[PDB]
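Take a look at this single chain, the form deposited in one PDB entry, given in structure tokens.
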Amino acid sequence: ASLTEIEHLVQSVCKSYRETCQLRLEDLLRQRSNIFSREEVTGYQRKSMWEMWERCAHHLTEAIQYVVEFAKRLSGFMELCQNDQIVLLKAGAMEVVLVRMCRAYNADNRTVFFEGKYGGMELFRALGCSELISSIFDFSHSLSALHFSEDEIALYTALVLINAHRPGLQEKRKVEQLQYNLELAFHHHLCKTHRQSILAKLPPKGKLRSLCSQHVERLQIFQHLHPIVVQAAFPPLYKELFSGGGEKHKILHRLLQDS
């Protein structure tokens, strides 16, 4: 590429991210005073393990849906082959969400936006996966300290998705070319903005992997306890990405072709 082509890539990635923002950053910020009452938090903790999982899995899926749209509007993604498009989303959708999640996290009070209001990590006690939950909270605390801008979120999440070491890619070099061009864009924007210093403070990719593996390990435990809840009440797309052998659902392909 070239300088103008790189800056055009910066604007195109940032646009594609805004359009597929689930919630505008301002909407999330204006709600920061709206905090679950102690009584409301007690009600969350007393809900059954399997209903909490169903509600959270459904919210997770909604977020995942916006990440698919981001991909479809992202330069070069839709020129990749369908096998590679699915490998990328299958492995990176949960990662993009975990990163996007820091916009919904308030480090002042350590709360996360969820079902209309902000609550701390006790809100999630009914799930029986406190390690996962505190890892995600801590992970969102780390990212919140860097004070990402929205533009920086878009460029960074683009790279989280366009990761050419995902196993199973058929056109690895084509994904390499794309990844390298988004890296230059990201780094060009940080340099231009005097923000290269965040580069040494980004999470190792091994960390995003770790959280996703914890996600799936805890899903398998829950599914073994409530197999019929998963079969009858989890979102199909969620089963496709995360459960086993749940990928008999072909939702992603449907999503990727539907205009």
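Each form is matched to the other, and the largest set of C-alpha atoms that superpose within 1.5 Å is called the rigid core. Heads up: residue numbers just count along the shown sequence, starting at 1.
Asker: Rigid core superposed, root mean square over structures and residues, which stretch has C-alphas farther from this form in 7 other deposited structures of this protein, 203-211 or 66-74?
Answerer: Higher average C-alpha offset in 7 other deposited structures of this protein goes to 203-211.
Asker: State which stretch shows the higher mean Cα B factor in the entry: 23-31 or 42-50.
Answerer: Per the deposited B-factors, the answer is 23-31.
Asker: Got a sec? Mean C-alpha B-factor, which is higher, 73-81 or 154-162?
Answerer: Per the deposited B-factors, the answer is 73-81.
Asker: Compare the CA B factors listed in the entry for 170, 149, 181, 140 and report the winner.
Answerer: Max CA B-factor in the entry, restricted to 170, 149, 181, 140: 170.
Asker: Just grab whichever of 200, 230, 219, 63 has the top CA B-factor as deposited.
Answerer: Answer for 200, 230, 219, 63: 200, with the highest C-alpha B-factor.
Asker: Quick check for you: using the entry's CA B-factors within this chain, is residue 251 in the lowest, middle or highest third?
Answerer: For residue 251, whose C-alpha B-factor we compare with every modelled residue in the chain, the answer is the highest third.
Asker: Taking the C-alpha B-factors as the PDB entry records them, is residue 196 in the lowest, middle or highest third of its chain?
Answerer: Answer is middle: the recorded C-alpha B-factor places it there.
Asker: Residue 96: which third of its chain by C-alpha temperature factor?
Answerer: CA B-factor rank for residue 96: lowest third.
Asker: Per the entry's values, where does residue 116 land by CA temperature factor relative to the rest of its chain, in the lowest, middle or highest third?
Answerer: As the PDB entry reports it, the C-alpha B-factor of residue 116 lands in the highest third of its chain.
Asker: Split into thirds by Cα B-factor across the chain's modelled residues, where does residue 177 land: lowest, middle or highest?
Answerer: Middle third - that is where residue 177 ends up once the chain's C-alpha B-factors are sorted.
Omitted from view is the form deposited with a small molecule bound, to which the following refers.
Asker: If the cut-off is 4.5 angstroms on heavy atoms, which of these, 160, 74, 94, 175, is the one near the small molecule in the bound PDB entry?
Answerer: Exactly one residue meets the criterion: 94.
Asker: Taking 4.5 Å between heavy atoms as the contact cutoff, choose which of 45, 197, 231, 33 touches the small molecule in the bound PDB entry.
Answerer: Checked against the cut-off, the match is 231.
Asker: Verify the contact flag for residue 9: yes if a non-hydrogen atom of it lies within 4.5 Å of a non-hydrogen atom of the small molecule in the bound PDB entry, no if not.
Answerer: No, no contact at 4.5 Å.
Asker: Given that the partner is absent here, does residue 80 sit within 4.5 Å of the small molecule in the bound PDB entry, heavy atoms only?
Answerer: No, residue 80 sits far enough from the small molecule in the bound PDB entry that none of its heavy atoms falls within 4.5 Å.
Asker: Answer with yes or no whether residue 169 is in contact with the small molecule in the bound PDB entry, where contact means some heavy atom within 4.5 Å.
Answerer: Close contact is absent here: in the bound PDB entry, residue 169 is far from the small molecule, nothing within 4.5 Å, heavy atoms only.
Asker: Looking in the bound PDB entry, any heavy atom of residue 241 within 4.5 Å of the small molecule?
Answerer: Yes, residue 241 lies within 4.5 Å of the small molecule in the bound PDB entry.
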